[PDB]
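What follows is a single chain, given as structure tokens, in the form deposited without the partner chain.
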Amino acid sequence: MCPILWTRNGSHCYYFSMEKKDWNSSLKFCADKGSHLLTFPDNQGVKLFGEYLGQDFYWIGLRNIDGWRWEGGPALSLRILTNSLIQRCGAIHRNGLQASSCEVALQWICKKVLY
């Protein structure tokens, strides 16, 4: 089953942080825990997944370094609310995807398969 503090859904385990970290640090945390920041490589399920969240944002594995792309995955085909061109990190909340400065400290979500 999923490790303590993690949450199960389907065939994966998710970690919803309580603490807030900037994007780089959120990535390190997931990486150190044998996981990756949350991604939707199929470019589907964001709204559905968002139904378990509220208005607060969570960092996910989405950035615009060479165009918006899922970390380790394909390009983003979904709309991401981008208020300013300089925002290169993506976050998720109930109402969808939204860009933010990568320096903002937000909770984050890690994902890994249930062993």
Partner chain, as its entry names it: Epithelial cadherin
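Residue numbers count along the first chain shown, from 1.
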### Query
On average, which has the higher Cα B-factor in the deposited entry, 44 to 52 or 83 to 91?
44 to 52
## Note on the structure
Quick note on 71 to 79 and 25 to 33: per-entry mean CA temperature factor is higher in 71 to 79
### Query
Among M18, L97, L106, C102, where is the Cα temperature factor highest, going by the PDB entry?
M18
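Only in words, not in the display: the form solved in complex with the partner chain, which the text now covers.
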#### Entry: Distance check, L78 to the partner chain in the deposited complex, heavy atom within 4.5 Å
no
### Query
Taking the shortest heavy atom distance, is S25 within 4.5 Å of the partner chain in the deposited complex?
no
### Message
So, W68 and the partner chain: in the deposited complex, are they within 4.5 Å at any heavy atom pair?
### Response
no
### Query
Does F57 reach the partner chain in the deposited complex if we count a contact as any heavy atom within 4.5 Å?
yes
## Note on the structure
Contacts from 67 to 93 to the partner chain in the deposited complex (any heavy atom within 4.5 Å), listed N to C, are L81, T82, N83, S84, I86, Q87, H93
